[PDB]
Amino acid sequence: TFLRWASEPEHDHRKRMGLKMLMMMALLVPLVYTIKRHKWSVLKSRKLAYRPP
Amino acid sequence: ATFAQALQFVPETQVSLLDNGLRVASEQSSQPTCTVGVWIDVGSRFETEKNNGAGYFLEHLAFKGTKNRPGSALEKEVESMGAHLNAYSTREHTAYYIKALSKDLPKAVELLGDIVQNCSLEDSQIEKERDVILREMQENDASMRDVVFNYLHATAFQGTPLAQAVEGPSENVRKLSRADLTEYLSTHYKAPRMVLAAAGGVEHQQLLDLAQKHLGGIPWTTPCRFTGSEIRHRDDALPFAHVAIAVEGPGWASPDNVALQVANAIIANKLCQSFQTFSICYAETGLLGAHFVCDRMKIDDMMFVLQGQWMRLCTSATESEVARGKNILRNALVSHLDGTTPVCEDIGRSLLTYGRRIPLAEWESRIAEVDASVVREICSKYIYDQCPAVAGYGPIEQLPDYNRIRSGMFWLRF
């Protein structure tokens, strides 16, 4: 355990930042995906017709 | 004789209510000739998909025959007196007016009654009108502006009776039977939904007597949503691009209409070819926006300039520009009301729209109320950060995508 701590003194801080960034991504990824879907809905739902004379 | 002083000289429009409900309105003046007419609160927005073209068909065959006199006889009687009969149909109103001399008033009103109450729907005449309207479809196909505005209405109101065209689909007019037209007449052409309006050399009691004599036999007894969509027909071989962009506007009954008119009057054709601003008003909704022709390579710049003008009005409108817009609106109103046909049309439409003939003094007081702060507030209320309805008849390729157009409706600086 001591040798592991010496190898990785940032172990606890790395784990804490990992948890914080996991929560951050859980908040952001659905939101940014929803923003992209909202912006792209105009193209995703647009209907086109061909009306030759 | 100041402008405000001069407005009082305008004679009032006497209004009377008949027993059956028909509203008879007149504006007497020292005019040798008059323009009587009947205005009906029936239009395309009151028609279902089954009978979308009913009103236009009735307008077509209205002067083609009545029970008392055949269509040839009716037309000959109109022509011999020197009068001109005319008719128009909007999505909300339908008018038949006879423009004649002051001494020809007694006949003309009778004529209107003969057109309104007892219309002879000859089957052969109905088929002839079918053929005429079918040709008129291709005739209207040439007019780019009308196609653009039909696109704009269809995309703006979509699932609403306000979105279908006045003429209607080709299939609908093709299959529109006589019984459908008769039912449309019975359910729609009835008092009190009718105003007999006349102005010029007409005495009001004379008009009332004529209306009681002829127009006295008339029988006595969906949520409109604005969807900010777009339509884009390309047809790249056309010379110039046509575009019309609009936002939902207030109905007829709204104080904000005058401020919007001033804002439109305030609204650079150098980038464009012929750019115009429109404020089409309906009962509960309306299309407030602009319409312009473009070179194939300059749609984006004109759209940018128009939206920049909109944003400038919504955010920072100086007093000088608002005063100029108010003066322009006053001049436009007074100049438009010149002429017997314009005042008669104004009387009819106002009675069908406001329930009263709003005098010019009230219009000018309302315009005087308008201020730069009021203009900014109302423009921000109706224009700023609003989803617009866009209609583009090609060649449209440089027209910005709907997301770009929508993002151009607000300012990051503001």
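Every residue number used here counts from 1 along the chain in the order it is shown.
Including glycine, each Cβ sits where the backbone N, Cα and C put it.
Per Swiss-Prot, these features apply:
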{"type": "MOD_RES", "residues": "B:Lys76", "note": "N6-acetyllysine"}
{"type": "MOD_RES", "residues": "B:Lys103", "note": "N6-acetyllysine"}
{"type": "MOD_RES", "residues": "B:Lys128", "note": "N6-succinyllysine"}
{"type": "MOD_RES", "residues": "B:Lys128", "note": "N6-acetyllysine"}
{"type": "MOD_RES", "residues": "B:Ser177", "note": "phosphoserine"}
{"type": "MOD_RES", "residues": "B:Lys213", "note": "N6-acetyllysine"}
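Where Swiss-Prot records a feature, it is marked here on the structure.
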residue  : record            : Cβ neighbours (10 Å)
B:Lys76  : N6-acetyllysine   : 12
B:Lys103 : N6-acetyllysine   : 12
B:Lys128 : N6-succinyllysine : 14
B:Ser177 : phosphoserine     : 11
B:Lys213 : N6-acetyllysine   : 13
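Using CA atoms as reference points, the modified residues B:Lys76, B:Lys103, B:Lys128, B:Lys213 were checked against B:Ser177 (phosphoserine), and the closest is B:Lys128. For B:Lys103 (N6-acetyllysine) paired with B:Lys213 (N6-acetyllysine), the C-alpha to C-alpha distance reads 17 Å.
If you take the Cα of the residue listed as 'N6-succinyllysine' and the Cα of B:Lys76 (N6-acetyllysine), they are about 19 angstrom apart, rounded to a whole number.
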